[PDB]
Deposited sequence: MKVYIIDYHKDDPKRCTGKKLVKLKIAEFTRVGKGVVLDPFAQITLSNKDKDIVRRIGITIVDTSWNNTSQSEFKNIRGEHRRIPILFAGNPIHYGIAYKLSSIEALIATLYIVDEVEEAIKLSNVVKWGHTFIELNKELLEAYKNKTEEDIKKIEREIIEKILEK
């Protein structure tokens, strides 16, 4: 699918997968969003795409997500599989949030090809795989109750 990035993430841009933008497009991954990503954002992702705001979980605020154009969705609980934040909840990198999004929108197939862009992409998947499987192609409410259980 198409991937966009808002910057005030060199990898995805170098690898032809993403481009920069000033205006949000498609589904905007937003930790401050009330609506959780589900199987209803599936066709928006396929036709329009995914917008990423390049930032950290710790020092971000809602001010940099607030007026971004597009459909705002948060990602359910997941654990970073990168060698820097391994095991820590919610602290996903840009490529991990992409892998997660693709998995949940019933596109597990491409969550794999993207996971080979980085050497630890495989680690992130198998660390959360049936968490990802329990998330895949499920409705938001079905996805959200599970998120509450793990906590």
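- In sequence order, the deposited residues that have no C-alpha coordinates form the ranges 9-17, 161-166.
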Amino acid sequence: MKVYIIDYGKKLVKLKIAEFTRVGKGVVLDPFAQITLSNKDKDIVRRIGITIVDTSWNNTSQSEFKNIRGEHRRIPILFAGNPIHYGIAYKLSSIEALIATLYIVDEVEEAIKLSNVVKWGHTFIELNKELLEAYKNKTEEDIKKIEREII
From here on, numbers count along this sequence of modelled residues.
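- Of the two segments, 23-31 and 60-68, the one listed with the higher mean B-factor is 60-68 (C-alpha atoms only).
- For the two regions 13-21 and 139-147, the entry's Cα B-factors average higher over 139-147.
- Comparing C-alpha B-factors across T36, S115, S93, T51 in the deposited entry, the largest value falls on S115.
- Per the PDB record, residue ranking by Cα B-factor puts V108 in the highest third of the chain.
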